[PDB]
Each structure stands twice: as structure tokens, then as C-alpha cells.
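Here is the structure we will look at.
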Amino acid sequence: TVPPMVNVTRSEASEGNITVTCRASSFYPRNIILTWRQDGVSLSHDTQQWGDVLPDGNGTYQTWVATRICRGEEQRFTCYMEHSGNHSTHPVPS
Amino acid sequence: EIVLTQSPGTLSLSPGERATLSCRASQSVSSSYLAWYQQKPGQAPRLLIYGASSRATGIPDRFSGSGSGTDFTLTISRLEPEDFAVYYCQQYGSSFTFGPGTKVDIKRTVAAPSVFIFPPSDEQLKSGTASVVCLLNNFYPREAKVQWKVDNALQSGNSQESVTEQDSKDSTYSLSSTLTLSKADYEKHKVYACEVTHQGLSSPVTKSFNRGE
Amino acid sequence: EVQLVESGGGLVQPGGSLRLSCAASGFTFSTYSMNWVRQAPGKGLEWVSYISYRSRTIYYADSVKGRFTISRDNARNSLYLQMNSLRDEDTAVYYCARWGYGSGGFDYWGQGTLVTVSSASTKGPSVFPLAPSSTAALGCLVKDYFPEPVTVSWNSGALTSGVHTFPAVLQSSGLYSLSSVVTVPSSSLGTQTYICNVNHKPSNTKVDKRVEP
Ligand SMILES: *[C@@H]1O[C@H](CO)[C@@H](O)[C@H](O)[C@H]1NC(C)=O
């Protein structure tokens with residue numbers, strides 16, 4: 001186990017909407033849970049976009065998950081992560 | 001699935017004492033996703049604690065929560081009689097599930113029941129069935145024995161009991177025992193007796209009537 | 001003030017269907033996620049279904065998936081639960097519950113609505129007086145009804161202190177029975193009128209029974 005580094009970014013603001021992306025990088029092994037939460041409740045699969053769990057080239061893995069939200073409601077959305085028994089929650093940066 | 005268990009199943013405590021309620025999760029639940037609810041007998045639940053340790057709006061300070069991982073605790077310091085309720089923990093780490101709940105009863109001084117017996121009404125008697133009711137009003141603790149005797153013959157299998165929830169104000173119980181007989185069997189006997197044994201009575205109390213009064 | 005008011009429960013045949021609704025007020029409804037939670041009689045709380053404030057995220061408990069559908073109309077401040085292929089284990093009080101902003105939790109609950117799933121017919125009760133013999137106790141025997149519930153008041157609600165309405169008991173016949181008692185000063189017996197008001201909505205029975213010696 002290598003603990004994942006988590007970074008949350010905002011991008012592609014348009015039409016009152018914005019994309020929030022949660023990136024988990026340089027973790028091992030490949031098995032990881034990554035999902036957006038809304039008021040603490042996990043979003044379904046169909047409302048999120050999923051990156052593959054891919055090797056770094058440094059012997060670890062990385063992935064990402066993104067979802068499209070209304071600009072202004074960022075505080076209600078958090079990125080949730082479970083990796084080999086440990087869990088964490090990260091907010092959208094403000 | 002994450003399953004929540006709660007201990008103890010029931011908790012009997014006097015006012016002013018501290019109640020300690022435990023909740024256990026079958027797998028790790030982050031502290032942000034653990035909540036506690038209070039449900040008084042005839043009411044809807046209300047949110048007590050969210051995020052394991054935060055008090056919800058209007059919740060007094062004597063309610064407190066803590067814990068992380070798989071073990072969580074609800075503390076009610078200085079119990080009050082109105083705190084009689086069932087307490088449920090709840091997680092939404094994965095789906096939404098509740099623990100089975102812990103009932104918290106209020107302890108109080110022994111109080112003897114006032115006993116009353118009621119004959120069947122003449123109206124019910126039109127109809128071919130007879131119901132004899134025995135009332136045990138405002139007593140504590142809840143353990144009580146009620147026995148039916150007709151013509152001093154102990155009855156079995158033909159009565160049903162019903163008990164109020166512990167009163168929120170005075171923490172007492174009330175109980176009813178209902179003896180059911182056919183109009184035929186009722187008019188073939190004369191003395192109808194209700195006999196109750198309780199901790200607050202030095203000796204058993206019998207209420208009775210004669211068919212016709 | 002936040003208010004949620006459920007309606008639409010009742011008696012339904014197994015395999016039948018029924019639509020529950022929840023009317024919200026006191027807050028911007030379209031900005032909160034909403035839930036259904038149920039409680040089987042004398043049983044614990046069981047989360048049923050969740051819908052997000054724009055209906056994008058929807059979840060159901062495994063025990064109802066495929067049979068229940070949750071939906072909302074934000075323009076009418078309304079939450080719905082469509083129940084199909086109902087089973088006996090679906091019998092419960094169904095609560096409407098709001099989901100808390102940011103930190104979650106069921107932070108407000110409706111008053112609940114009762115859904116009974118059975119192929120037994122509606123029957124109204126008979127109401128018999130429990131007559132004071134010769135502080136006094138008197139009451140009313142509400143016998144042989146289906147389904148729950150029955151409500152009892154005294155003097156149209158003007159008599160409230162000292163009233164015990166016992167939980168209904170299920171008879172071997174499959175019909176419910178209940179008694180309601182009240183204690184009063186024996187001085188009041190000559191001057192005061194005592195009427196018990198029994199209402200069994202499922203069978204359209206309202207009865208007022210005056211109880212006298
Ligand atoms: C903006 O995002 C919301 C929430 O995801 C979505 O429901 C809506 O369709 C989007 N609106 C536009 C104009 O793209």
C-alpha cells in the first residue's frame with residue numbers, strides 16, 4: 001500500500017455549470033473506491049464520468065472521477081475515497 | 001451491506017443519571033456519515049446527532065456523540081423522564097441503514113396499582129359475548145400478575161393483556177386484562193374476581209362483582 | 001417552520017398498488033433531497049427510497065426495488081411514492097423525511113401515514129361502556145374492528161387528564177380490540193357528563209358513547 005494523493009479541481013465553467021474533477025494518484029494496489037458525494041450521499045454511476053485505473057510508470061496507479069454541477073453548489077459536493085481500509089473525503093476548493 | 005448493531009437492548013436509569021448507548025458497524029463508516037435519532041412512543045423520529053458528534057438544531061447540550069471507524073457512542077447526561085424513547089443510530093457510508101435501536105426507560109419509586117373491575121354491559125350481552133375488564137392504573141415497576149377467578153375457579157387462556165407505554169410525566173404504567181366468555185358461560189356463574197399481585201402491595205388485591213347489581 | 005405532511009395510506013390487497021404523497025412547506029423544496037422511511041408495527045426504522053433535489057440520483061432499498069417508484073414535483077412542493085405488487089411485509093407507517101444540506105441526515109420528518117396490506121375486510125367496531133361501579137374509573141370497550149387504527153377522545157377532547165387508551169390487542173378472530181379508561185373524582189359523577197368519541201376511519205364509524213353508572 002501507498003496512500004493516494006487526492007486533488008480536486010474545477011474546470012469548464014459554462015452555462016451556469018462547472019465540472020469538478022477528483023484525481024487519485026500514485027497509489028497501490030489498483031483497487032480503489034472513488035465517487036462524488038452530494039450532501040454526503042454518493043452519486044450514481046450514470047451522473048459521473050470515470051477515468052481508468054492506469055499505471056503511473058513509477059510503480060503505482062492513478063485514476064479520476066468527474067461530475068457536472070451547478071456553479072454555486074460546490075460546497076455540497078465532496079470527493080470520497082476508500083483505499084485498502086482507509087477512507088477520506090475532500091471538498092471542492094474555494 | 002453495512003449492518004449496524006446497538007447495545008444495550010434496553011437501558012433503565014433514574015433521572016439525573018448518565019446514559020451510554022453503543023453503536024457498532026459491520027465495516028468502517030466515516031464519522032461524517034453516522035447519525036443518531038430519538039423516537040418517542042407516538043411520534044416520528046427526530047435527528048439528534050449528525051456527523052457522529054454534531055448536535056442538530058434545538059438539541060440540548062446533554063446529548064453528545066462520539067466515535068469513528070466501527071464504534072460509536074451516544075451519551076445522554078442528566079436523564080429526564082421525557083427522555084424515554086428509542087434511540088437509533090444510522091449510517092450512510094453505503095446506502096442508508098439503521099441500527100435496531102435501544103429503548104431507554106426511566107426508573108422510579110415503587111407505586112402500587114389502583115385496581116378496578118368492570119362488568120359486561122347489557123348492550124354487549126345482547127350479542128352473545130361477554131367481556132370483563134380489569135384495570136391496573138398507574139403502577140411501577142411493570143411486572144404484575146393478574147388472575148381471573150369465576151366462582152373462585154382460576155381461569156386460563158381466555159384473557160388478554162394490554163399495557164400502556166411508560167408515561168412520559170410520572171414514568172408509571174397502566175395495564176388492562178380482558179376476560180372473554182360466552183353469554184352462556186357468563187350467566188351460569190355468579191362471582192367474577194380480578195386478583196393482582198404487585199411489588200407495591202403487601203398482599204394481593206382482589207376486585208370482584210356479582211352478576212347483577 | 002419546516003413541515004412535511006404525508007397522506008394516502010390505507011388498506012390494500014396483496015398484489016395491489018397504492019400511491020403515497022408528502023406535501024412540504026416552509027422551505028425551498030427544490031433545493032433539498034427527500035426520502036421515504038418506514039416502520040413496521042412495533043418494529044424498527046427501515047430506509048425505503050431516496051431522490052435528489054433534481055431527481056438525478058435515485059436509490060431504493062433492495063426489499064422494494066422493482067416494486068416502488070419515488071418521484072417529486074418541485075412546482076407543487078410534493079414528494080410521491082408509488083407502491084406496486086404490495087406484500088404483507090410492506091405493512092408499516094411510511095414517513096416522509098428531508099435530507100440535510102451539506103452534512104446530511106434525515107433532518108425533518110413527516111407525521112407518518114399507515115399502509116396496511118391484507119386480504120381481510122374492513123369491519124367497524126362495537127363500542128360498549130365500562131361503567132363506574134359503587135376517585136372513580138370509567139371507560140369504553142372498542143371491540144372487534146379491522147384494520148388499525150382507532151382513535152378515542154373524551155368530551156370531544158375537553159377531558160384529557162388521567163386518560164389511558166390502551167394499545168390494540170389482536171384477538172384469535174383476527175379482529176382488533178381496545179379499551180380506553182379515565183379516572184375522575186367521584187364527586188363529578190352526579191354533575192358531569194362523560195362521552196367517549198370513537199372513530200374508525202377505515203370503516204366510516206363515528207360513535208359517541210356516554211358512560212354513566
Ligand atoms: C447544469 O447542471 C445541472 C446539474 O448537473 C444539470 O441538471 C443541467 O442540465 C445543466 N444545465 C445546462 C444548461 O447544461
Side-chain angles (χ1 to χ4, degrees), chain A residues 6-24 32-53 63-82 88-94, chain B residues 30 32-33 50-51 92-96, chain C residues 2 4 21-36 47-61 65 68-82 96-108:
Chain A
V6 182
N7 198 34
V8 178
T9 57
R10 274 152 33 89
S11 72
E12 320 191 293
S14 62
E15 301 92 35
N17 277 354
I18 201 177
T19 296
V20 293
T21 305
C22 180
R23 240 174 284 257
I32 193 170
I33 295 203
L34 206 54
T35 180
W36 278 96
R37 279 185 198 257
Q38 171 188 42
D39 301 325
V41 179
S42 304
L43 269 52
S44 36
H45 192 89
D46 295 351
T47 59
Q48 305 178 83
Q49 307 90 47
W50 301 91
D52 285 329
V53 191
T63 191
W64 57 267
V65 58
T67 190
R68 194 124 173 103
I69 68 172
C70 171
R71 205 153 53 94
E73 68 184 0
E74 283 96 332
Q75 179 188 201
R76 305 181 79 155
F77 285 84
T78 50
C79 181
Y80 181 70
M81 212 222 66
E82 274 167 9
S88 65
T89 303
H90 294 250
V92 176
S94 58
Chain B
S30 149
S32 289
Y33 314 131
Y50 66 90
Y92 47 105
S94 193
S95 197
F96 317 72
Chain C
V2 173
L4 309 159
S21 67
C22 171
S25 58
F27 63 102
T28 298
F29 183 72
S30 62
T31 203
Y32 288 86
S33 294
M34 289 301 297
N35 299 263
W36 291 103
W47 168 82
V48 176
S49 181
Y50 168 99
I51 190 168
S52 59
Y53 39 99
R54 308 178 286 244
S55 293
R56 284 159 62 68
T57 302
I58 297 186
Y59 297 121
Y60 303 92
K65 205 191 307 209
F68 290 12
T69 311
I70 189 161
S71 62
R72 57 196 296 154
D73 188 341
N74 283 342
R76 272 181 76 182
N77 294 280
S78 273
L79 175 76
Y80 306 102
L81 190 69
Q82 181 61 55
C96 180
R98 190 182 83 171
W99 191 254
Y101 181 101
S103 34
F106 304 120
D107 67 345
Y108 290 94

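All values below were derived from every heavy atom in this structure, side-chain atoms included, with hydrogens, water molecules and symmetry-related copies excluded. Throughout, a chain's letter reflects where its sequence line sits, starting with A, and its residues are numbered from 1. When a ligand or atom number is given, it counts from 1 through the structure's own listing order.
- Looking at atom 7 (O) of ligand 1, its nearest protein heavy atom turns out to be C/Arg56 CD, 3.8 Å.
- Between the CD1 atom of C/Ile51 and the OG atom of C/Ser71 there is a distance of 6.0 Å, given to the nearest 0.5 Å.
- Below 30°, between 30° and 60°, or above 60°: for C/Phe27 and C/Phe29 the angle between ring planes is between 30° and 60°, a tilted geometry.
- The shortest heavy-atom contact between C/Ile70 and C/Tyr60 is N-OH, 3.0 Å.
- Shown in contact with C/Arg54 at under 4.0 Å from a heavy atom are these atoms of ligand 1, numbered in order with element: 4 (C).
- For ligand 1, the polar-atom distance check finds an N/O of A/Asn17 within less than 3.5 Å of one of the ligand's N/O atoms.
- Residue A/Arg68 has at least one heavy-atom neighbour below 4.0 Å for each of these atoms of ligand 1: 4 (C), 5 (O).
- Judged purely by distance below 3.5 Å, without hydrogens or angles, the side chains of C/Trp99 and C/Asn35 never pair a donor atom with an acceptor atom.
- Distance check on atom 11 (N) of ligand 1: some protein heavy atom falls below the 4.0 Å cut-off.
- Here the OG atom belonging to B/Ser94 is positioned 11.5 Å from the OH atom belonging to B/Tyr33, to the nearest 0.5 angstrom.
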